[PDB]
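One structure is given here, and the rest of the page talks about it.
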Amino acid sequence: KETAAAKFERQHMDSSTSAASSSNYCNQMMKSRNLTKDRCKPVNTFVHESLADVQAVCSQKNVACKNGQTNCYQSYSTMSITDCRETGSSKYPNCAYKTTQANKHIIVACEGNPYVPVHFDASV
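Spelled out as structure tokens, the structure:
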């Protein structure tokens with residue numbers, strides 16, 4: 001099956017753009033990344049950085065994840081991110097999202113060898 005690392009890339013990485021450029025970004029990306037196939041995923045974050053810079057976070061500041069696990073890491077720098085959140089008009093299969101662009105630190109959970117991001121925990 002798809003690996004956890006690959007799933008993180010598909011769900012969260014967008015190195016092809018520096019920022020969301022229109023209100024439609026989330027609608028397009030949630031659909032194109034297959035995140036709305038079975039249900040409307042309610043929230044998701046895309047990161048507009050190189051993959052290597054995001055993978056490097058696994059070597060940065062160790063912190064507790066929101067659920068208490070201790071394999072989370074916070075980026076030293078802020079990163080360009082886009083938050084996608086379902087709107088009130090969203091109704092499967094026509095899932096609809098609000099796009100918000102921001103520059104925040106990211107918190108990811110890492111696993112494996114090589115030790116890589118597998119879960120997006122939070123932005124702060």
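Taking the authors' numbering, I'd label the letters of the sequence shown as residues 1 to 124.
For every residue, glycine included, the Cβ atom is placed at its ideal position computed from N, Cα and C.
How long is the line joining the alpha carbons of residue i and residue j, rounded to whole angstroms?
{"i": "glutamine 74", "j": "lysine 98", "result": "25 Å"}
{"i": "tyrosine 115", "j": "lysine 61", "result": "14 Å"}
{"i": "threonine 70", "j": "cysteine 58", "result": "12 Å"}
{"i": "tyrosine 92", "j": "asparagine 44", "result": "16 Å"}
{"i": "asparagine 103", "j": "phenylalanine 46", "result": "11 Å"}
{"i": "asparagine 94", "j": "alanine 52", "result": "34 Å"}
{"i": "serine 89", "j": "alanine 5", "result": "32 Å"}
Taking the DSSP output, what are the residues bridged to residue i?
{"i": "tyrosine 76", "result": "The partner list for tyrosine 76 (beta bridge, DSSP) is empty, contrary to what the question assumes."}
{"i": "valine 43", "result": "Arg85"}
{"i": "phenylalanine 120", "result": "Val108"}
{"i": "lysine 98", "result": "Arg85"}
{"i": "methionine 13", "result": "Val47"}
With DSSP run on the structure shown, which of helix, strand or coil describes residue i?
{"i": "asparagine 113", "result": "coil"}
{"i": "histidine 48", "result": "coil"}
{"i": "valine 63", "result": "strand"}
{"i": "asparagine 103", "result": "strand"}
{"i": "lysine 91", "result": "strand"}
{"i": "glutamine 55", "result": "helix"}
Which same chain residues, not among the five before or five after residue i, have their C-beta less than 8 Å away from its C-beta?
{"i": "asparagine 34", "result": "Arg10"}
{"i": "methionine 79", "result": "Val47, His48, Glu49, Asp53, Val54, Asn103, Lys104, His105 and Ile106"}
{"i": "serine 123", "result": "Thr45, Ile81, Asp83, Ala102, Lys104, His105, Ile106 and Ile107"}
Looking only at its own chain, which residues have a Cβ that is under 7 Å from the Cβ of residue i, when we skip the five neighbours before and after it?
{"i": "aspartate 121", "result": "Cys65, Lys66, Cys72, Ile107, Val108 and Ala109"}
{"i": "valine 63", "result": "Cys72, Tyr73, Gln74 and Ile107"}
{"i": "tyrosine 76", "result": "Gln60 and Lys61"}
{"i": "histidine 12", "result": "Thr45, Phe46, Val47 and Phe120"}
{"i": "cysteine 40", "result": "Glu86, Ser90, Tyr92 and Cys95"}
Please tell me whether, using a cut-off of 6 Å, the distance from the CB of residue i to the nearest non-hydrogen atom of the ligand SAH is below it.
{"i": "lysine 37", "result": "In the structure shown, the ligand SAH is absent, as is every other ligand, since no ligand is present at all."}
Spatial neighbours of residue i within its chain, please: C-beta separation below 6 Å, excluding the five flanking residues on both sides.
{"i": "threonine 100", "result": "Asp83"}
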